Amino acid sequence: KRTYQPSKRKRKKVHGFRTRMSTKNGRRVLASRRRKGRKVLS
Amino acid sequence: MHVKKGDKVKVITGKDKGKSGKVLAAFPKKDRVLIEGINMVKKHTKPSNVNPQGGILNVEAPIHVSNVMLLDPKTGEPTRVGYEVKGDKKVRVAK
Amino acid sequence: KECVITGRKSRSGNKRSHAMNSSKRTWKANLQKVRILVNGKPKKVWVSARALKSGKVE
Amino acid sequence: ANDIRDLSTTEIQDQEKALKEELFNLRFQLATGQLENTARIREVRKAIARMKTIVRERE
Amino acid sequence: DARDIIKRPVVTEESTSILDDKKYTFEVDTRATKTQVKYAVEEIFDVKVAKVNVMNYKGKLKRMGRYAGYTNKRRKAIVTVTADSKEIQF
RNA sequence: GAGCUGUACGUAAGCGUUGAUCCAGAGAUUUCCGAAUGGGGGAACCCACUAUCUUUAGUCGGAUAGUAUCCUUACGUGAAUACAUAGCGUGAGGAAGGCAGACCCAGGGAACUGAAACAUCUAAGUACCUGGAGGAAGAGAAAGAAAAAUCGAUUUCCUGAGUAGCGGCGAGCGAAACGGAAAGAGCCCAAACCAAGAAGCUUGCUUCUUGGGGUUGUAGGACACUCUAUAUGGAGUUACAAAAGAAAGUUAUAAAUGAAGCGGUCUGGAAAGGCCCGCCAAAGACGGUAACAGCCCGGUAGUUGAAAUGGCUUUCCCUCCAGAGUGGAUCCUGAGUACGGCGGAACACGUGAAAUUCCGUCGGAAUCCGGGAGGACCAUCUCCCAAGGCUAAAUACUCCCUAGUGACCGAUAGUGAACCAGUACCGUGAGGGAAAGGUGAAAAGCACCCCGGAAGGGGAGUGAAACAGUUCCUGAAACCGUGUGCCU
RNA sequence: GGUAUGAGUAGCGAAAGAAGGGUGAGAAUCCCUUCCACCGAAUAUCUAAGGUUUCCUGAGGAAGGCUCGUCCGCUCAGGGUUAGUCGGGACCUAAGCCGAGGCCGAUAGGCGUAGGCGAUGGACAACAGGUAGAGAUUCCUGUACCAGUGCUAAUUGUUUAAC
RNA sequence: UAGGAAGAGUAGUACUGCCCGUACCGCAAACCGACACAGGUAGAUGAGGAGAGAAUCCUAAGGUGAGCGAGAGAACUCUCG
Ligand SMILES: [Mg+2]
Ligand SMILES: [Mg+2]
Ligand SMILES: [Mg+2]
Ligand SMILES: [Mg+2]
Ligand SMILES: [Mg+2]
Ligand SMILES: [Mg+2]
Ligand SMILES: [Mg+2]
Ligand SMILES: [Mg+2]
Ligand SMILES: [Mg+2]
Ligand SMILES: [Mg+2]
Ligand SMILES: [Mg+2]
Ligand SMILES: [Mg+2]
Ligand SMILES: [Mg+2]
Ligand SMILES: [Mg+2]
Ligand SMILES: [Mg+2]
Ligand SMILES: [Mg+2]
Ligand SMILES: [Mg+2]
Ligand SMILES: [Mg+2]
Ligand SMILES: [Mg+2]
Ligand SMILES: [Mg+2]
Ligand SMILES: [Mg+2]
Ligand SMILES: [Mg+2]
Ligand SMILES: [Mg+2]
Ligand SMILES: [Mg+2]
Ligand SMILES: [Mg+2]
Ligand SMILES: [Mg+2]
Ligand SMILES: [Mg+2]
Ligand SMILES: [Mg+2]
Ligand SMILES: [Mg+2]
Ligand SMILES: [Mg+2]
Ligand SMILES: [Mg+2]
Ligand SMILES: [Mg+2]
Ligand SMILES: [Mg+2]
Ligand SMILES: [Mg+2]
Ligand SMILES: [Mg+2]
Ligand SMILES: [Mg+2]
C-alpha cells in the first residue's frame, strides 16, 4: 500500500483553486505561481 | 516593390544577366519576382492530379527584385524609378 | 483593541535582564470598556484611562 | 454597408433572419458534403455581423 | 435563436442507419437543453418531435508532432419525430 | 496602391484598381471563470427569485433587466418602553481585488555569522510577514544652526572624516555643523474680536453651527484711530479657493518624397571582389541582394505630411481676491499638552555626566511680567515661539514604451528559456525544472530505371557542391571496423 | 555530453501445450479447428473508487512489447456513451467546514450566532422481452408507475365558510 | 389548528417531465506500486460430489495456457521425493 491513494474530491478539496483562494496564504501561492507563469495553478 | 506583375524588366545580376522579360508573378513578402524565360529550373515531378503523366518539367523560378530594373517603354533601356502625383493617382517616372 | 479617543494601543519593545539580554515584549494601553456617546449614540468602547482623566463623559 | 444603412431597423432585422437561415443551410449542406462553394459561408457570417453592427450604431 | 441551438447534422454509418426509424442526429450547442432542442427542431424543419435523447461527448486527445491537445467537446441530440410528422431530408 | 485568404517545406473554395490584404486613430461586439457581487460550488459549474415581454391548449420552454456584503449619508418605518433609541426597509455615493520580488512610508521582526568560544555587542532594524500606498514617497518654512558680532524651510551630492565620539573602550559601530554645489517657494488654520442664527434657561446670559477677521517674537494680531484700494490692479486649479471650457501652436501615434554606374574587362555557380574608367554626397547609417555595394533594392541626409485620438505650451474665457501706517489700557496667541518619575526605544551616542526625539504608564506647568533651546544643571547672554495643517523642484527605483550604445555573450556561452519553456518531466502539495539553433542563392527537395514487402541502397537527373538529400554548414577526439608494409 | 570495459556475459518477471489448416514478403509467437492442460469463495459474473478513450471498425509495423510479430492496451484515420423511474443535482440532514451582525486580537487574522454548505446515511415512480461492430432498466416492442398540465363531462361550493 | 379562500376534487381523454454521469478496464497489462512489476485495491453474486464448511480434492457455468524458445539431462545452487 503506497503513499498516493487518489481521490478526485480530496485532491480538489485540499489543493484546488477554491481552497487556495479561501486563505491569504493560498492566494500567495496563486500569486507566486502566476508570477512564475505556471500553466497550471491549483 | 519597384516592379509589379505585367512590367517588362531587364535582369542585371545572375546567370541570366542581359535577358529581359514580362513579370508573371510578384511575391512581395519574400522580395522575389517571377520573370518569363528567366531562372528556368528542372522540377522532377511525380505523376499526380496535375501533370498526370509526370515528367522533368522545365519552368521559371523567382529572382530577387533587386536583380531586375524596369524597362522604360520609351527608350527600351533599364532605369531607376521616381514617383510623380498626376491629379488623381501617383505614377512611376524614369530617369 | 485601541483607545477610540487617542488611538493608544499595544506597542513593542525590549524586556532587559540585569545582564542586558533583550527579549521582545509589548506595552499595552490602559484601556477600559466604557459607555460613551461616539456619534450621539452611546455604546461600549475601549477608552484609555489617560483619555478618561478629567475630560470625557461616561 | 452603405446599402444596409438605407434600410430601416425592422427591415435589417428581417435581412438578418434570412442570412441566419442561409448560414444554417450552408452549414447543413457542408456537413452532408453537398456544398461546393464553401467560401459562401464566411461571406454570410460577415454579412450578419455587418447588419448587427449597423443596428447597434442606430442606438 | 434556434439555428444557434442546432449546429449541423451528424452523418455517420450509425446516424444514417436510424434515418428510416424517423430518428435524426444533430450536433447542438453544448449549453442547449433537450427542451430547447425539441422547440429548435420544430422551428427549423416544421416537424412534430416525439422525444429528444441527448449525450455529451468529451473532447478526444490528438497529437500532431510534439503538439498534443483536445478536439472540441460535443453535444449530440437524437430527435425522434412522431409517426404522422413530415421527414427531415439529409 | 497590387496583390491577398497568419505560421509551416497542404488540398479546396474564393476576394481584389467599384481599392482588397496590409498600417495608424476612433468606435462596436467582447461567451464563461476570476474581487466575482442573486444563492451555492470541487474556478471556468449547478440552481434561483422579482419584474416585463415572448412561446404553447396549458404545463414544459425562451429574451431582457434587477437582485452580494460593509461604510458613509438622506428618507421612511420602528422593540423591550411612554417619548425615544436599537433594529428593519428603500434611495444615493464609496470600498472590496490585483500588482514592478523595484523604489517609498508604517506595524511586526529573525538566525546563521563576526567577536577566532560566548552571553553585552555584531549580523541588523537586514531577510521575511503585514498594512499604506505614490509616481515618487518621506522631509519641509525654525520654540533651527550657531557663537561672525551671523545664518535664514526641506531634500540630495562633494567635503568635514574614518575625525568627534560610542564600544565586554573588545569585535566593531560611527555623526553633525561650518564650507562647496544641484534645486529653490512659500503658505493656510486654532484663538481674541465682529455679524447673523439655532439650542438652552446660565431666564437676557452662556454653550454649539455657518460666515467675516486673523496668523506672529524685546513680537504679531484682535482692538481702537487714520490712509488708499472694493477689481484700478493681482492671482489661480502643483501648495497658497475651486470647477469649467474654447482657440491657435507644437509633439506623439500611419506615412510621402528622396542624388549618383544595367560602366568596361578578369576570375567565378553567382561579383557587391581584382584591374581600369566615371559619378552623387546636408545622403560613405544599417540591412538585403547568388562572395565584400555611397551610385541594384529597402532605405539614409535633407525636405514635406495627419481625418482621428491623446499629451504639452501659450493666449483667451471662466473663477477668486483688500493693503499700508500709528498707538501695547485691556484681550488672544494650540492643556491632560509641555515637562517630570518609572519601563523601553530612537538619536553614531550600549544609562552614561546624557542634552535632544518617540512609545506605554502614572504625575502634571506657565500660559505674556509668558514660554523653549544653546549636550547634566544654575546664572547671564544669544537665538528661537512647541503642543494644528499644506507645499513643487533638486533625490530613489524601472514591470513598461521610443530611439540608440557597448575594447558585453555567441548555442555547455548569453536569460531557466535563440527552438510553441516555466513547456516536458518530477512531486500529494508548496515547489523543483531540462534537453533541443545552421539543406541550398533558389526546392531546383532526387522524374525514370534497378534490387527490396518496406527501410535502405545503386544508377539516372537537379545543383557550384548531394561525401549539401527534409534534423541535411563545418565535422575534432574517444570508440567501432575493413585492407595491408614490418614484427609475433 | 559522447563512447568504451565488463560481454554476446547476467537477465528475459511464478504457469502446458500439440498438430493440422489458414493468412502473409516473412509465422514456436496472428486467425481457425481439434485434442490436451489450468482456475472454479476464482484466475468466473457484477458494482464502487481510480484511470480517462485504453472501447469499436479499417489500415500499419519505424519506435513501444524484455524474443518474434502478419498481432496489440502501440501508430494513423474514422466512429462509439441515448434515461421522468438507474446513480448524483433541481430534496434532507451527520461529522466537519463556512459564517451577516457579533466577541477577541500589533497587522495578518482567531473564534462564533442566525443562516448555509457538506454523504459514507434518510427520502424518492419500470419491468420483461428484442436488437447489436461499439450503449442499453437509457434505443425498439409490449405492459406499467410517479409528478404535473390543459381539454371535455357531469358533481358540488361560489362570504359564513366546499376546499 | 393559526391563517388563506372560489374554485375544488372525481371520471375520462391527450399532452408535459430539465441538468450531470452512462464508452472501456476495474483483485487489473487500463487503478496505487518509475515497468505489460509474484505486492496492494471497498462491496454484491459465488454451482456439484464427498463434506460441518466459502476447508479440501476433482469438476460445472464461465474464464485461462501468462509476450522468449529448441536441446541437454555435468559440477553447483534452489525447490522437491
Ligand atoms: Mg503519482
Ligand atoms: Mg443523459
Ligand atoms: Mg454568482
Ligand atoms: Mg570564530
Ligand atoms: Mg535611390
Ligand atoms: Mg563569368
Ligand atoms: Mg559563399
Ligand atoms: Mg553576404
Ligand atoms: Mg527640555
Ligand atoms: Mg527614560
Ligand atoms: Mg541604540
Ligand atoms: Mg535643557
Ligand atoms: Mg513619561
Ligand atoms: Mg552649554
Ligand atoms: Mg556632545
Ligand atoms: Mg507660539
Ligand atoms: Mg543555454
Ligand atoms: Mg557549435
Ligand atoms: Mg553535417
Ligand atoms: Mg564472465
Ligand atoms: Mg555462464
Ligand atoms: Mg542463461
Ligand atoms: Mg514471462
Ligand atoms: Mg478454496
Ligand atoms: Mg481494442
Ligand atoms: Mg521486437
Ligand atoms: Mg494490427
Ligand atoms: Mg421508456
Ligand atoms: Mg453542525
Ligand atoms: Mg446550523
Ligand atoms: Mg446539499
Ligand atoms: Mg459493452
Ligand atoms: Mg458499461
Ligand atoms: Mg500485477
Ligand atoms: Mg483488504
Ligand atoms: Mg468449460
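So that the names make sense, note that chain A is the first sequence line, chain B the second, and so on, each numbered from 1.
Side-chain N/O atoms of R8(C) include one lying less than 4.0 angstrom from OP1 or OP2 on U361(F). Contact check, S32(A) against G431(F): a side-chain N or O comes under 4.0 Å of OP1 or OP2. The side chain of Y67(E) places an N or O atom within less than 4.0 Å of a non-bridging phosphate oxygen (OP1 or OP2) of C420(F). Distances shown here put a side-chain N or O of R75(E) below 4.0 Å from the OP1 or OP2 atom of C20(H). Considering only side-chain N and O atoms, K29(B) lies under 4.0 angstrom from the phosphate OP1 or OP2 of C4(F). Contact annotation: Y57(E) side-chain N/O to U81(G) OP1/OP2 distance is under 4.0 Å. Between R2(A) and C31(H) there is no side-chain N or O to OP1 or OP2 distance below 4.0 Å. Contact annotation: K51(E) side-chain N/O to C140(G) OP1/OP2 distance is under 4.0 Å. Side-chain N/O atoms of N67(B) include none lying less than 4.0 angstrom from OP1 or OP2 on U289(F).
With hydrogens and angles ignored, a donor-acceptor pair closer than 3.5 Å exists between the side chain of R33(A) and the base of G431(F). Within 3.5 Å, no donor on the side chain of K46(B) pairs with an acceptor on the base of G445(F), nor the reverse. With hydrogens and angles left out, the side chain of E43(D) and the base of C15(F) share no donor-acceptor pair within 3.5 Å. A donor-acceptor contact under 3.5 Å links the side chain of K15(B) to the base of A290(F).
An aromatic stack links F17(A) and the base of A43(F), using centre distance under 5.5 Å and interplanar angle under 30°.
Across all strands shown, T79(B) has no heavy atoms under 4.0 Å from either base or sugar-phosphate atoms. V29(A) comes within 4.0 angstrom of the backbone, heavy atoms only, and of no base.
Neighbours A28(F) and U29(F) stack on each other, since their six-membered rings have centres under 5.5 Å apart and planes tilted under 30°. Neighbouring residues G122(G) and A123(G) meet the stacking criterion, with the centres of their six-membered base rings under 5.5 Å apart and the ring planes within 30° of each other. Stacking annotation: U333(F) and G334(F) not stacked (criterion of six-membered ring centroids under 5.5 angstrom and interplanar angle under 30° not met).
Considering only heavy atoms from C-beta on, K10(A) stays 4.5 Å or farther from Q5(A) through its side chain. Under the 4.5 Å side-chain criterion, counting only non-hydrogen atoms from C-beta, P47(B) is not in contact with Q53(B). In this structure the side chain of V54(E) never reaches within 4.5 angstrom of the side chain of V37(E), judged on heavy atoms.
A411(F) and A436(F) have their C1' atoms separated by 10 Å, with the value rounded to a whole Å. A distance of about 22 Å separates the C1' atoms of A11(H) and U158(G), rounded to the whole Å. Nucleotides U31(F) and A2(F) place their P atoms 41 Å apart, quoted to the nearest Å. One P atom belongs to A468(F), the other to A476(F), and the distance between them is 13 Å to the nearest Å. Comparing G274(F) with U253(F), their P atoms are spaced 41 Å from each other, to the whole Å. One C1' atom belongs to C446(F), the other to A13(F), and the distance between them is 33 Å to the nearest Å. When the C1' atom is used for both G180(F) and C227(F), the distance is 49 Å, rounded to whole Å. Using P as the reference atom, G99(G) and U67(F) are 25 Å apart when rounded to the nearest Å.
In this structure, the side chain of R20(A) does not engage the main chain of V29(A) through any donor-acceptor pair within 3.5 Å.
Partner assigned to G1(G) is none, using Watson-Crick or G-U wobble distances below 3.5 angstrom.
Nucleotides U303(F) and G58(F) are not base-paired: the Watson-Crick or wobble atom pairs do not both lie closer than 3.5 Å.
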